[PDB]
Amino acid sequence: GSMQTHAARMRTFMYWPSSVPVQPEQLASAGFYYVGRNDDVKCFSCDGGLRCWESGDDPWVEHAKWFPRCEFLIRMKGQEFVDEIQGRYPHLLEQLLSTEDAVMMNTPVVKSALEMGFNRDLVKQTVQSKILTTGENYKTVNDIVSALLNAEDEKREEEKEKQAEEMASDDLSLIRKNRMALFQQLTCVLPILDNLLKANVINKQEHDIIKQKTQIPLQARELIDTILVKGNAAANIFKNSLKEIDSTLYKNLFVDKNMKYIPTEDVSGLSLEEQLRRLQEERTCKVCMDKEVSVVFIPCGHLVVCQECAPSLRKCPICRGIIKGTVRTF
């Protein structure tokens, strides 16, 4: 409970990057403290996490958009304020679970940025991200110019990073692009799982985690995501094993590259609770391989980690998307 006081939260912002336009006082008053990496913050009350703050962001409003049941928020701002924000920006989370001259590229603000010479693709990615993470486009030219400059710097950093780490193989990329189709169509889990163990790509604890799931499809999605997290060596074992197990599936995925996906139902109509129930069922944190998954990444919408492991990740292990916030699954 050490972060329950305003004074304690302010002290954490000692390390806060001075260039972020959102000031420590605004964040701390809204219940957030600095977790110590980048510009990641968490609420002391609800444990909601938000990152990648931009000019014009109001911490109270973002708090209510994403964490409307937080007791601190409700006490400080009132239920009316929370209902108001939820009414203005409805169903932000559910939209994440559902996931070229668009309307968003043609507002006065965005045109003003384009007319200054900002790269059009950069503007598109930055605008798209803004809408998915906040439910709205840029409000002023000063805000978008500041966000675009920051986005340019992040892209440069990403370059250096991606260029210093081992590149994803073709095989890993293929598995990643066909994640959902494989969740649906892979039924031969154990031979592949045994082979990952024998290759020391996974250990016995991790082997047990996947083998003990109670239904084939539950085992299968744990296997696939574990592969995506472990990386190139796991993808290679998967590919080689599949060949011997199911020639038709191997061919579809790695040779003809013609897998067809089709959902049995549009869960998009189910309640948020039920969508999360299904997404979370017998899913184990892919980082610690011990605790249950209990976090949804914003804005990619993936369920991959527990609450203790989330703060350690800059990017989603599944899709490599930059994580801009974390919400609890229950």
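Quick note: we count residues from 1 along the sequence shown, nothing fancier.
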Could you tell me how many residues of the deposited sequence sit unmodelled between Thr99 and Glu100 (none, 1 to 3, 4 to 9, 10 or more)?
10 or more
Averaging the C-alpha B factors as listed in the entry, name the stretch that ends up higher: 56 to 64 or 33 to 41.
33 to 41
Comparing 121 to 129 with 239 to 247, which stretch shows the greater average C-alpha B-factor in the deposited entry?
239 to 247
Residue selected from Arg156, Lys111, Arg88, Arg221 by maximal Cα B factor:
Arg156
Which of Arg278, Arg69, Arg283, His302 ranks first by CA B-factor in the deposited coordinates
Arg278
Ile262's Cα B-factor: lowest, middle or highest third of the chain?
highest
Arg320: C-alpha B-factor third of its chain, per the entry, is the highest
When the deposited Cα B-factors of this chain's modelled residues are ordered and cut into thirds, is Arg314 in the lowest, the middle or the highest one?
highest
Looking at the C-alpha B-factor of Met10, is it in the lowest, middle or highest third of its chain?
middle
On the chain's distribution of Cα B-factors, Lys162 falls within the third called highest
